[PDB]
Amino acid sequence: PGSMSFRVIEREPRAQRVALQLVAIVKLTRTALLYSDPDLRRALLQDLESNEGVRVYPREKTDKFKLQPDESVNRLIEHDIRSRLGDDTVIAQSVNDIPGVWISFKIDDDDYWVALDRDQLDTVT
């Protein structure tokens, strides 16, 4: 049980909690939409909004967005998310001047956002 080190566990377990939760929301939202009945898809999207606070927007070439504040916790959360969703995942604090937690996804060649009503990326809901 060693005395020569200096590094100790700090806040990393919380970052993992937050990240794995966000990864679940994005993956399950994508899956729900991918396999949805087209006749029920509006209802699905309303259900996600009302019961999970998840909004789905098309991701357009004309979208502007702002990256998360470059703080150490945010870097760790983002890194943990990208480990599961892919390097090219875009994670933002606002898109088209709407604040939130914004995470990109794709279905084949169609691009989307998941938008969550959260003041901070470092949030456990």
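Numbering starts at 1 and runs along the sequence shown.
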Checklist outcome for this item: Entry B factor averaged over C-alpha atoms, 20-28 against 104-112: higher for 104-112
Checklist entry - When the C-alpha temperature factors are averaged for each of 113-121 and 11-19, which stretch ends up with the higher value in the entry? => result 113-121
Next on the checklist: If I read the C-alpha B-factors straight from the PDB entry, which of 83, 89, 96, 93 is highest?
Outcome noted: 83
Checklist entry - At the C-alpha atoms, which of 37, 78, 49, 60 reaches the highest B-factor in this entry? => result 60
Next on the checklist: Sorting by Cα B-factor within the chain, modelled residues only, which third would residue 73 end up in: lowest, middle or highest?
Outcome noted: highest
